[PDB]
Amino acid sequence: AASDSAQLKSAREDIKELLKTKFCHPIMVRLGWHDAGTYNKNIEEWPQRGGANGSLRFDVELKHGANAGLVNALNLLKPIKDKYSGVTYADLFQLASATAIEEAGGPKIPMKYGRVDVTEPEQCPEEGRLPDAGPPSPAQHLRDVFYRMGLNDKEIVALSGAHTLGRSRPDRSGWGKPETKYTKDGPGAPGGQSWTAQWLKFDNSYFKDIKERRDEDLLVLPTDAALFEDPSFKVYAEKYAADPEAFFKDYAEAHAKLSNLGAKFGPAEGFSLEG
């Protein structure tokens, strides 16, 4: 009865209702990125290459250190997933993320769907393909991880801007204060430490805050700091801090690129919902 494209649209409606009710925009963006971020451009075969294939839905991968707390996001999406047999987790994760950015006031991401789902937890990538926030050499570590995905310096800086959304919890990743004046009252579950004052608003404030460092309640990870310390990253970081339009353009394109990493589409070229 309902076409697969129609189901994705219905799922998007459900997601928008979920975001309006739970204020869970940030975790949805993190979920999508952690499914896609395991992509390795050097591996040819699907699903060994990792990436956007819905493997992140399995306990084995959710248990990876970098994925602490993501089971909450999966659980929030499960009820929606159950309504649509024609919607894959691979697509649902990316749909929830893109919708989250947009509902949060971000740019419209040029998205395509039709991603195929892996079927067994044995197809999940091994742990260690996602970045650490506190390595000995942050900037080089970012290159090691993102260059492997086939992403460049521009994309590394632009995508890091997603930290304008959400916060860190010492009970999850281990970073951040237990709470601050900006998070102690929610909305959603209070607590943790945000990078920006309005952590439910998608704008270029992340770049301004990590550079200014005037607010002790605002978080700055070694990898965020690397954006302004690195001779190449700083070019884009300063540009985004001063040009919100430039950030939105580069962000939309980078987010779309990330969302496709390692995926196998059906049909091969995928399909659009509003093209």
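One rule holds for the numbers: they count along the sequence shown, beginning at 1.
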| query | finding |
| --- | --- |
| Stretch with the higher entry mean CA B-factor, where the candidates are 80 to 88 and 96 to 104 | 80 to 88 |
| Stretch exceeding the other in mean C-alpha B-factor - 67 to 75, 178 to 186 | 178 to 186 |
| Residue with maximal Cα B-factor (values as given in the PDB entry) among 137, 193, 160, 204 | 137 |
| CA B-factor ranking of residue 214, expressed as a third of its chain | highest |
| Residue 47 - which third its CA temperature factor falls in, relative to the rest of the chain | highest |
| Residue 224 - which third its CA temperature factor falls in, relative to the rest of the chain | lowest |
| Ranked against its chain, the third holding the CA B-factor of residue 25 | lowest |
| Position of residue 264 among the chain's modelled residues by C-alpha B-factor, lowest, middle or highest third | highest |
